[PDB]
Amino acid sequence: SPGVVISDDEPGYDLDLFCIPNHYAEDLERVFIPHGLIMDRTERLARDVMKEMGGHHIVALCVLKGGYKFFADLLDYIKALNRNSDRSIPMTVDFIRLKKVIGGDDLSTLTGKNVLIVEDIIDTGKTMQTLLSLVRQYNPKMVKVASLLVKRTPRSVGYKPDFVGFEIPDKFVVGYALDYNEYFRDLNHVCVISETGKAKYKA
């Protein structure tokens, strides 16, 4: 699937309809993807991953920092399947940050393994493209990419992940570990920043 498609004209939700940290009350325009909706979509994603990679060991690779929540929740849903079914995905985990791969184990530890890369968002797709080329050089058995969000943009290089949560309009989103200058990671909903939020936390 292209994932859950959010139209260009979608108005999102009034902030007053949800519980939102008071320190961000004036910094956000609307709620765009409620936390619980992300969870519902992530549950179905876990099952799709189980379908595609079930019955083989997986190395789950989290692209920090923005991927951390999606990673934890996706792995939690996969673990729920592992313990309530007879078929399993034994998993190990690693974490990288992109500058240039920062931290993480030797990429040679990926050689001959089934790798699931977990990302928060694909915009141009250039970054994931570059990451994939690099990882491929270490001869993994298989590599798939799960991304919570994919942006509809004319700047799109044309990269499509294997698993996508939501396909969104070309708007700058924050929340659910996605940040603006390190802020808004502590917000469980995906939201659009307000003009005052951009000005307040501007680098």
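One-based numbering along the sequence shown. Just so we're on the same page, rigid core means the largest C-alpha set that superposes within 1.5 Å between forms.
- Between 44 to 52 and 132 to 140, greater CA displacement relative to the shown form is found for 132 to 140 when the structures in 6 other deposited structures of this protein are fitted on the core.
- Comparing the two stretches 24 to 32 and 153 to 161 by root mean square C-alpha distance in 6 other deposited structures of this protein, with all structures fitted on the core, the more displaced one is 153 to 161.
- Among the other PDB entries of this protein that were compared and that flank it with modelled residues, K99 is left unmodelled in a third or more.
- Where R83 is followed by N84 in the displayed chain, the model omits none of the deposited residues that would sit between the two.
- Between 148 to 156 and 170 to 178, the higher mean Cα B-factor belongs to 148 to 156.
- On average the C-alpha atoms of 51 to 59 have higher B-factors than those of the other stretch, with 51 to 59 and 130 to 138 being the two compared.
- Of the candidates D105, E119, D123, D76, the one whose C-alpha carries the top B factor in the deposited record is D105.
- Sort the modelled residues of the chain by CA B factor and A72 lands in the lowest third.
- For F18, the recorded CA temperature factor ranks within the middle third of the chain's modelled residues.
- Sorting the modelled residues of the chain by their CA temperature factor places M91 in the middle third.
- Sorting the modelled residues of the chain by their CA temperature factor places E43 in the lowest third.
- Sorting the modelled residues of the chain by their CA temperature factor places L98 in the highest third.
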